[PDB]
Structures are given as C-alpha cells and as structure tokens.
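Written below as structure tokens is the structure these notes are about.
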Amino acid sequence: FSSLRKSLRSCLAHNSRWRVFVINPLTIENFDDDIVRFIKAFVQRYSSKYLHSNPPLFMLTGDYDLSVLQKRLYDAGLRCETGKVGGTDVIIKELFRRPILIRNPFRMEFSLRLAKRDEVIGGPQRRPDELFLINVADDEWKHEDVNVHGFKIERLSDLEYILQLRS
Amino acid sequence: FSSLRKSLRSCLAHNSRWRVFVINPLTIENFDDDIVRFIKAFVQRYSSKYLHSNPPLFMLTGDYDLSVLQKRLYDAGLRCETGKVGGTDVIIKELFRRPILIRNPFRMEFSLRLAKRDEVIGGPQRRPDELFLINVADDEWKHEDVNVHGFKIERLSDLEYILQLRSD
Amino acid sequence: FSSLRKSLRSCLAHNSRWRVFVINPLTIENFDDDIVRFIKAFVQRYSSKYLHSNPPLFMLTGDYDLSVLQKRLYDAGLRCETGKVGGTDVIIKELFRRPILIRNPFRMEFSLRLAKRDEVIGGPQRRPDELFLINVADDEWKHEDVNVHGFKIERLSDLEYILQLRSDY
Amino acid sequence: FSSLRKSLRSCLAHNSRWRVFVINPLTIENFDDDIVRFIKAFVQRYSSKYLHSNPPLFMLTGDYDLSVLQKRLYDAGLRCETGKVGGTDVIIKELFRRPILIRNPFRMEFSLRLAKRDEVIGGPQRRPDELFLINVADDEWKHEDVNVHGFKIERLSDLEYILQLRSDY
Amino acid sequence: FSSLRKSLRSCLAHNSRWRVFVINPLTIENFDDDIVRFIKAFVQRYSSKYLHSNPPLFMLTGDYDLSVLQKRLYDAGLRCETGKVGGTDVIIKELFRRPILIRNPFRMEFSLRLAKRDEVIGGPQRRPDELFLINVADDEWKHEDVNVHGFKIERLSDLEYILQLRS
Amino acid sequence: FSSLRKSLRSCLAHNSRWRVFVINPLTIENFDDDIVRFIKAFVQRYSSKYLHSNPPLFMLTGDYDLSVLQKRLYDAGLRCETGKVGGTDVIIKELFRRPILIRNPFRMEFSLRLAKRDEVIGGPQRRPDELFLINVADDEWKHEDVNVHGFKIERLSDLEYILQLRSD
C-alpha cells in the first residue's frame, strides 16, 4: 500500500483533470457508514477552488438505492448531478457538462456527479484520463491509451491513505 | 498518544469549522487549577484571527459551578457566551449565533461558548463536524456522518500534546 | 540505472533546447501500447509553456506505420508536424521551423515533430544539442561537438524513471 | 537544561507580553561582572522593535545597591524606569505604564524596569503572564492562573542557553 | 577531488570577477574532442547575464593552432576575442577591454577571451583575482596577493565535477 | 576548534557594531604573505554594504612597518584611515570618526582603520563591543562590560575557519 501511495502523486497534482471511480459495495465492510464522509473529504481537497474545473464521477454497481445517499449528502451540505430530466432514464450530455462558476464571491453549481453503471448506456465524447476500479474486474471503458488503476481493499479507510487524505 | 497527535493534523488545519467538546471533571486530577490555562491557550491558537469564524463549544457534565469559572475567565481577559436572557433557562438559538467581526482594528464580540449539558436540551440545525469526548462514553449527538474522537486521560497536560498546544 | 538518472539533471533543466530521439521498436515489449502515454507525459512536462520554444523530434527506424499513431495522438488531443505537402516526400525546411505562439490566452501551433528516418535525407543548419539513441548503435548525425547518450532497454517504462516522468521504478 | 530550553519555545514566540524576573544574587558566582551583559543581550533580542510593547521588569531581593548598576547601564547606552519621584518611596502606576514610541525614525522612551522587591508593596492592575524565579522559593504574586517558572543555577551563563541567547553551553 | 569541489564554493559565488586559466594539452587524453563542450558549459553557467561583467581568459601553451578552434566555436555560436588588429601580433589593451551590453533585449559583444602565452607579452593593469593552472608548474603572474589553484588531471571530465558543471 | 566557531555565530550577525583586533606577528607562520588576503576577505564579507556602517580596527604590536602594507592594500584596491595629519603622531578624534556614504550609486570613503598600539595613547568615548586578541595576553582596554575573545593560533587560515570566511 505504501508502495502504491507515492506512485499516485503525479496523477493527483494536476488542478484540472477528469476522474472516474467504479465501486462494488458488497465486499467492503461498514460501507453505508463511511461513504458520505469519504466523499466529503475528497471534495474539499480536490474540488474546492476556481482552478478545479471538472467535478469527479462516481459509479456504483449492484442493486442500490441512490435517493437516500443523495438526501444525506444534501443535508451534509453538498449538491450533486445525476443526469435525469424528470423521468426514469439517464442522459449522457446532461451528465457530462461544465458548471457555472463565479470567482468573487465564490459560487459553484455542483460539486460531484453520481450514478449507477447499468443505466449509463454509451460512452463519453472525451475519454477519461484516470479510471479507478475498486474490486471490479473489467469495464467497457478500458483502453490502451487510458490509465487504469485497480485495487482490492477490505475497508474504505485504507484508500484514504493511498489518496493522501490522512496520515 | 504519539500517533494520535499525528492523526489529528488534518482536522485542525481548516480555519472555519464547528467544534464541540465534552468533559467530565470528577475523574481528572488537578482540574480547577489548569482548566483556565487550557482554554486560554486553545483560544489564543485556534480562535484569535479574522478567518476563524466559528468559536468552539465547551460542555461540562456533572454538578458544577459555571459562574466562578466565568468570572475567572473575565479577569483573565476573555468573554463568553452562555445563552441566558435573565433566567435560568437556556435559549438554544441564542447560543448557536454568529458574532460581530471587524477586520481593522480587530475586535470580536465573544471568543468561546460555555454550557452545561443537562441545561442544554435539544439540538442544532447543523450537525457538528468534530465531537471530542474526554472521559465520557455515550452521548445523544453521535451520528454516522460526524467525526467522534473519544479519549481517556488522567491529566490535562496529556491533552495539550495531542492538540499541539505544547512542544512536549 | 540510478546514477544515469542523476547524470541528466543538468541537461534537462534548461527551458529552450533542441532535442532529438532515435528509437528501434522491433526489440521492445508492449511498444504499441505504451508509446502514446510516453509522448503525452514528455510533452506535458517539457512542452507546455511559453519559455519552451523548441519542440522535440522523435525518429522511428524500421518499417512502421505513422498514420495510425498520428490519428491516435489526435484523438488524445495533440498536434504533430510531419513535413509533407501532399506528396510522399519530406521537406527539412518545413519540418525544422518555428511555431506560432500566443501568450495570452496560451495557444501553440504544434507540440511535437514526427518522421521516419529513411525518408529524412539531409541535415540541419544548426546541429542538435542532445541526441538520445535508444537501442540503435550508430547514426550519421553523431559528431565531436554533440552530446550523445545511448541506452539499452527492454520496456518503455524504464525510460520514465531515467528521465524523471514517474519516480517509482 | 536541554530539557528546559525547548519548553520555553512558545512562551518567547509572542511579540507583546508581560514578563517578570525575580533574582537572588548571594548564591550566584561572578554576578556583578555579568549582570549588565545579560540585560543588554536580553534587551537587544526581545525589546528592540516597534511590536514589542511592554518592557520587562527585573526585581532583586537582598541588600543590593541599584544606583551603580543604573549608572553602568547609562554608560552602556540604556535607559531605565525606577518608579520614583524625587523621594525614596516607590510608586506603582509610574512603574507599570506604557511608553512613548515613534515608528520612523524609531525611538523609545525607556527600555527596561528595575527595582528591589521590598520597596514594592502592592499589586498590579493585570496579573503577569510569566513569572521567572531564580533561586527564589516563594513569592506573593504566585497564582493558579499565572505561569511560574522556577530554576536553580550556579552561574548566569546557563540561563542564556536556557533562554536562547547564545548557541551552545 | 571531493575535497576540492567545496573548497572553491566561495570563489565562484561572486558574479563579477577576473578569472584566468592556463592549460597544457600534451598530457591530457581526448582533448581536441572535449575542449569545445567544456568552454560551452562554463560560459552557459558563468557568462550569460547582465551582472556577469568581465568575461574569462583561456591561455594555451605549446604549439597549438587557434584558428580551427575559433571556427568551431563560431559554428557552435560563440564569438571570441583574440587581441589582434592586422594579424601578426597581440595587443594587451585590446585583449583586456570591456564589452558592450544591453539590458533589454540582452545582447553581448563577446563571451570569452583566448590566447597563446608565448605571444602574450607583458602584464595587465589590474592583477587577477583567481589564477588556475592545469598541469603547469610555474608562471610569471604568480604573486603573493593572488590566489593560485594548481591541479593535475588525466581527463577533463574531472575538472567539470570540480567546478560544479555536473554532478 | 569546531564548537569555538559556533560560539561566535551570534556575535557576527549584527550589521553595525564596533570591532577591534589586536595581533602579534612574531609567533605566526607566513604572516606577510597571507595578511592582505585575510583582510580582503573579511572586508568583502562584513564591510561592503550600506548598513555596515562601522568599519573595523586593526592594531599591530611590535616594531612593524605599516607603510608597505598600506601601499599593498592600495594596489589591491582598498583605502585605509591611519589617523595622521603630518605623519608624526596619531589623533584619536580623526581615527575614530564616521564615514561618508552614498546609497545610490554606492561609494564609501574608507573601509578599514589600521594602526600600531604604542602610538595610540588614550581611549575612546564609547567602549568597544567586541575585542579580539590573537596571541596577546593582557591589554589596557579590558573591562567587565566588554566582551573579550582571546585565541592562540599558528597560521591565519585557522582564524579564517573560526570566523567563517572559508568553509575549510
């Protein structure tokens, strides 16, 4: 793990970058208790300034309930982009889009983009720079010109260390 | 205790945050003599600038006299908020309120919040970011989305090391 | 390998300099898969500012297809100078030329050069400062007054360490 | 003594604070020779700029003669406050008072305060933040909400190390 | 050699100084191949800015031919001063003169001075601050109030390390 | 030799201070050859700025000859303040006086005071801050309130190392 941690320092230095996460809930212990704090910690470090142009993408696989998490995050303070335009289906162009920004006083439209994998039918216009996989084997968005980082963990507190959120 | 000192460097980096403390004095040695100088150092470090917007909350548990400590702190040079309009009852909305700040010259309305637990019945609109429990086991404000640091100590100088007030 | 990395710290500090690379792909593992990312990282570290005034040259010996790699680089978001005007032939004066630069907002006409070695017959008027040779023994552009660094590698990732792109080995 | 040195790192970081020293000279060797240099160094390091609002106080217990020390300090180039108006008696509000200051060009009214403990009867408006005691057992100004630092030394060269005036022992 | 490197840190700290070199090529291996690069790097380090007022002097003893070296250095990009007006013999006041400088945009008249010791007759107006001798025993410019640096080398890769050109 | 170097680190930091040197050359090896270079280095480090406003004094003890060294220093590019008006006897007020200084462009009237001990009959109005003694036991300018550093050396480079002019 300490071998992996410093490998990632170059990836996470850039201010403007496109990052995807794919996660599987079942094989992580105490997931529903720590996910919210995990996201709240990532955002403040990596998505709290003007130069941080693009928010990150979180994809959860399996049969899971997004509404509850979205409400809990709204109570915590954060706003999310899901991609729906009123119905039960997801739209790619609305999911991937640029937010409004105001330099002074600082205002932001949304800080993260959330979804499920099964619903996202298709691919983006611009391939991702970094694809992170946590306990998933392979995904359709793998390519030779894209950097794939793949891990296996037993608790979420382990990943924060890798990503430099704690000591 | 050494690793925990390094464990908390990230939490105390942010300037503006809502921090809560709970203390039980019966099981701490030499409390009455050292509490004032603990509070004074914490305030002079983490709540003595303009960007430091939310003052901290100190909750004491047990049967205890706040008035004497409040007078001692006034003599030392600090001003406190207690949430009391004449009467014994504690108005919650008047204890979770923002103070007046002036950049030049620097002046503040109050520097700390002080209360008793049993007197404070209810809850806040915004949940606390960090909840420190010193010598206490359970509380009503614990939740999944709040960070909780529970400790057990025999003296205050031990806590000074953890919170970076002192070199040793 | 570790001392080689530090032997080069002084060469690569300067902002403006003329750098040439020669490569043989027949004897490298996973070349087709790692090449684009090699180029992208090098460019991002040494070709993304106003002070950086000379883009680099990459020459590939053998029988190889440049067009596909060019399309892939375009998809990745980078532009290349090849030195051709319609036809098959290559022009030295149109491959060794200065690019347009706009300071605010930053724009650059092109970020790298490309070619095949056999097609490029001739030479430049100003001789290269640094001529990296990766797995090739001898060339026609070597001289007493040019700095020459020859290496032997088995996979591309080692050069990342040698040249400070990724610290971990 | 290496243990005590870094304990005082935070206390001496601030620019504006109120410090008090109590000393006993009967049990220190070669006192009259080095007292003046001690004061001069302390003053140069902690009392020589605009942001240093409060000058420090030196109290001596015993049967000492202050006139000679005052004359020697004037020859060395320093001005002191003693807290007297013609007479023998000592006044408190003159001794604990703020001085004139001019930022540009920098000038100060007085740089230190001196006295004998017995003549000074009473207390101040504001209790002191730091009370150093050197070879002295008990004082009336000791209080729970005041920081007290008690030491035992055979020479004055050691206290300079403790207080971070000179490099090493 | 690890001893000498840091000994010279103080001499090479100042920006404006008068530095002299004396060299013997007979007992150095692979000399003609590496001289030009040595001069190039020294110049790039110590004679590229407005504060570097006085360029340095290189003297060669023996039966060497200077014309070829001057041509190679011209091709490399450096203009040299040789102290001759007409061609037969040397003139000291032309050799030891001050150049033109423009602060913005930077242009300089010449970067280095070059000569043969047998041809140079006499002494300067101001004595040298630092005199370097490489495989030479005695010289007439040795005085008590002048710093001397006598060395022995079998290659020129060593002197670069001594002078902090490479590590 | 090493810790002694660190003892003097605090003394040499101040920009403006009055400094005196007393030297005996009979017992030093290779004095004439190295004195000038010692002086030149000391001046370049400690007496070549605007804020450096109190040039140092050197006093040489014995039957030495100043004129030659003074000429050597003029050749090397430095000016000195001897203190004579008529080349017979020294005057204190003329040897202990302030120099002219122009900030832009930088120019200085003189950079050092040079003298012999026997000729300087008297004392200054302001006592020296730092008195360095090299191979002399006792002096008439020693006092309780004046710092005295006394050494014994065999070559000048040792003192150079002590005073931080050369690494080693």
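All Cβ positions, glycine included, derive from the backbone under ideal geometry; neighbour counts span all protein chains shown. Read the figures in this text as sums done on the coordinates, not as results from a lab.
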_Euclidean distance between Cα centres, the stretch C:11-66 to the stretch B:1-41, Å_ = 55
*With unit charges on the beta carbon (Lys/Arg positive, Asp/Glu negative), name the residue among D:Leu78, C:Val20, E:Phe38 whose Cα is farthest towards the positive pole of the charge dipole of the protein assembly as shown.*
D:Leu78
*What translational D, rounded to a whole number of µm²/s, comes out for the protein assembly as shown from Stokes-Einstein when the hydrodynamic radius is the Kirkwood one over Cα pairs, at 25 °C and 0.890 mPa s?*
66
*asked:* In the stretch F:27-134, if the dipole is taken from +1 on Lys/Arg beta carbons and -1 on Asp/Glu beta carbons about the Cα centre, which of F:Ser111, F:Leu133, F:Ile121 is farthest to the positive end?
replied: F:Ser111
*Net charge dipole size for chain B [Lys, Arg +1 and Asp, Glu -1 on Cβ; Debye, nearest 20]*: 1000
*Histogram of C-alpha separations across the stretch E:62-157, 10 Å bin width, %*: 11, 35, 39, 13, 1
*Does the stretch C:29-95 come out rounded, prolate or oblate by the C-alpha gyration tensor, with a ≥ b ≥ c the root eigenvalues, rounded set by a/c under 1.5 and, if not, prolate when a/b is larger than b/c and oblate if not?*
oblate
*Whose amide H sits under 5 Å from the amide H of A:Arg19, counting only residues 5 or more places off or on another chain, with H placed in the peptide plane?*
A:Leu57
_Whole-angstrom gap from the stretch E:93-121 to the stretch F:66-94, using each part's C-alpha centre_ = 36
*Dipole in debye (nearest 20) - the stretch A:28-85, about Cα centre, beta carbon charges: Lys, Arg +1; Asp, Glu -1*: 440
*asked:* So, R0 is 35 Å and r is the distance between the beta-carbons of A:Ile121 and A:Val148; what FRET efficiency does that work out to, to 0.05?
replied: 0.95
*Toward the positive end of the charge dipole of the protein assembly as shown, about the Cα centre and with charges on Cβ (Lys, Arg +1; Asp, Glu -1), which of D:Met108, B:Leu163, B:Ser47 goes farthest?*
D:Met108
_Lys, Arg +1 and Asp, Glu -1 on Cβ, resulting dipole of chain D about Cα centre, debye, nearest 20_ = 1000
*For the stretch A:33-167, how many pairs of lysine residues have a Cα-Cα distance under 15 Å, where the two are 8 or more positions apart or belong to different chains?*
4
*By counting other Cβ atoms within 10 Å of each Cβ, how are E:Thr88, D:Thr27, F:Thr61 ranked from fewest to most?*
E:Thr88, D:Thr27, F:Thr61
*asked:* Rounded, prolate or oblate, given the Cα gyration tensor of the stretch A:82-133, with a/c below 1.5 counting as rounded?
replied: oblate
*Shape call for the stretch B:32-163 from the C-alpha gyration tensor, a ≥ b ≥ c root eigenvalues: rounded (a/c under 1.5), prolate (a/b greater than b/c) or oblate?*
rounded
*Could you work out which residue, out of E:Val136, E:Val68, E:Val43, moves most in a Gaussian network model of chain E, that is, has the largest mean-square fluctuation with Cα springs under 10 Å?*
E:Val68
*Based on the alpha carbon coordinates of the stretch E:1-103, what radius of gyration and maximum Cα-Cα distance (Dmax) apply, in Å?*
15.2, 46
*Taking the convex hull of the alpha carbon atoms in the stretch D:52-169, what volume per residue do you get, in Å³?*
163
*Please order A:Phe42, B:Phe151 by the number of other Cβ within 10 Å, starting at the fewest.*
B:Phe151, A:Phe42
*What's the exposure ranking of C:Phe58, D:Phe106, C:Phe110, going from fewest to most Cβ atoms within 10 Å?*
D:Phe106, C:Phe110, C:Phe58
